[PDB]
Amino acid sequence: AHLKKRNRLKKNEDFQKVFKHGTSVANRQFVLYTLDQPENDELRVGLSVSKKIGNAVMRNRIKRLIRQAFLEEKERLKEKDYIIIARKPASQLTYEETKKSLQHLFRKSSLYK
């Protein structure tokens, strides 16, 4: 039901690494940063939510949808490091809508085995 701990990019150092050296694709809804770790056997997801969405509830909600959207995809996705920045126009998406969006970027940055 939930994304495993090991599949989560926790601390800032890891993020900065992806930002500075990773690759990027952007949507009207999200900015997906994917670094690359050949030394990682499983993928990692980091979440950055605009914060220009104030309601912790809208932010926590959107995070869950992306995390859960990833769970549905953990198998078809390369084992890299991902950072998804949720843009303002993502705040009101439904799971289905979020998943279609993430797969736009995933198909863009060819992160599909």
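Heads up: residue numbers just count along the shown sequence, starting at 1.
*Asks:* Quick check: 34-42 versus 82-90, which has the larger average CA B-factor in the record?
*Replies:* Mean B over CA atoms: larger for 34-42.
*Asks:* Mean CA B-factor: is it higher for 96-104 or for 7-15?
*Replies:* Averaging CA B-factors over each stretch, the winner is 7-15.
*Asks:* From the list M58, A26, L77, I66, select the residue with the highest C-alpha B factor recorded in the entry.
*Replies:* Across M58, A26, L77, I66, the entry lists the biggest C-alpha B-factor for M58.
*Asks:* Sorting the chain's CA B-factors, does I53 end up in the lowest, middle or highest third?
*Replies:* As the PDB entry reports it, the C-alpha B-factor of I53 lands in the highest third of its chain.
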